[PDB]
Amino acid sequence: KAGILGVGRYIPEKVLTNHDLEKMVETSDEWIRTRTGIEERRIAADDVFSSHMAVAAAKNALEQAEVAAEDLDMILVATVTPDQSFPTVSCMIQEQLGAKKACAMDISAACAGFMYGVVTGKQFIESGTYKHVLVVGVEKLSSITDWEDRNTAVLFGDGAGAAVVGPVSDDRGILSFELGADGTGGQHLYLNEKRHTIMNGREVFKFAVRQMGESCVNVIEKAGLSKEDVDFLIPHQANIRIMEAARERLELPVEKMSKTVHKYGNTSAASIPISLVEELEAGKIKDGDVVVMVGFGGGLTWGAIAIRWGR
């Protein structure tokens, strides 16, 4: 069984507060907090790109996993903001990490990308093909934000998270998963000709508030478990109201759902692993815990994983 051997992240230093944003566009700290839950989000420096953030997250994850870059068989990077289209971020960090035997691709599934990558890595490991797969979710959303558009500029931040995936013992490891998509919703969230993100907020909200809870129940079910068996929920961190609907569907207490949206905003493919590190560092996730992760992104993509933490 494939499981998670270690996790790491890179959080940019610069903080953008809601009062910072009150000078940039016509918004209010009150509106942002009440409608999204966001208070702050980090912004990468103009000389910091997805590659920089991804290699930092990756090093932390390799160190925590006790895995040398030399032993990586594959590097997957979920991003829509590579430094450039090619060389990919995965190729770049394969070089900067010294993972010379690893293959490398970038995958594109917007905010669900980390879920696609972890599941892809699982297949390569449980086939016996590969042993160690590095999976990075990284996004410099600030580089594709129209910073004069209040409807999106108060939502996005930058960051990177990474996990080393590999064989784990006994009951441990990824128990079940779900990947999905609906291109019908492509009109509702797209990158335009200016490299500016355009969103029909209300439409994405309606779709996500239904699909995130259903994907969660689906993986619990496929894992042969009950709602009562879930120890922690790590949803995509885009809107506290969407996260709360998922929590309600799983009948989980507040303390069993990761919430970092108030401090990092929506970091797309980086959001789940960033939150995962936060709870691990807080000691809130233990070996043996059944953890449900669920993500939702542009193109209308989604994914979910049930994992039993530990090696």
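Residue positions are given as counts along the sequence shown, with the first one as 1.
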- Which has higher Cα B-factors on average according to the PDB entry: 237-245 or 74-82? 237-245
- Would 113-121 or 96-104 have the larger average of its C-alpha temperature factors, as given in the entry? 96-104
- Entry record, C-alpha B-factors for 28, 258, 51, 271; the maximum is at 28
- Go through 171, 231, 178, 139 one by one and give the residue whose Cα B-factor in the PDB entry is largest. 171
- Position of residue 36 among the chain's modelled residues by C-alpha B-factor, lowest, middle or highest third: highest
- Note on the structure: Here the Cα B-factor of residue 128, set against its chain, lands in the third termed highest
- Message: Ranking every modelled residue in this chain by its Cα temperature factor as given in the entry, which third contains residue 164?
- Response: lowest
- Message: Splitting the chain's C-alpha B-factors into thirds, which one does residue 134 fall into?
- Response: lowest
- Query: Which third of the chain holds residue 143 when residues are ordered by C-alpha B factor: lowest, middle or highest?
  - Reply: middle
